[PDB]
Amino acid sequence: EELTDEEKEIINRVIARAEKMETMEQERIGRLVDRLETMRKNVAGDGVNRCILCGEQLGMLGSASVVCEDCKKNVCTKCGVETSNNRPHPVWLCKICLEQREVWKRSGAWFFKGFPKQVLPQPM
C-alpha cells in the first residue's frame, strides 16, 4: 500500500455521510420488512383444503381457487392477484407473495439474493 496524510480526513467525510445514508436505508427497508412479517403472522389457512390466507375452505363451497406461483399453496380468488404480462396463461400470486416481490425489489435484495452488510469503517 502507501501512506496517507490528511487524505484520510477527506475520505472519512465521504464515508461518514455514506454510513448515515446507510442507516436511513435500513429504516426504509426495515419498515417494509416488518409490515411483511405481520402479514405472514396473519396466515390462517393451510393452503391445502382451506385458502392459505383467510382460512375459508375451497371447492363446492362456492369459493373459486388458484395456486400461487411463488409459495405453491392454494388461495381463493379473493386473496389472490392475477398478474399479467404479454403472454396467455397468467401467473397468480397470493397477497403475501405479491408484497414479498415488492419488498425484494424496493430493498435491492433481488440483486444480492438477500440482504448484505457492507462494513467499510473509517481508517483513523
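All residue numbers refer to positions in the sequence shown, first residue = 1.
Taking only CA atoms, the mean B-factor in the PDB entry is higher for 83 to 91 than for the other of 69 to 77 and 83 to 91. Note on 103 to 111 vs 20 to 28: mean CA B-factor is higher in 20 to 28. Annotation for residue 46: CA B-factor lies in the middle third of the chain's modelled residues. When all modelled residues of the chain are sorted by CA temperature factor, residue 52 is found within the middle third.
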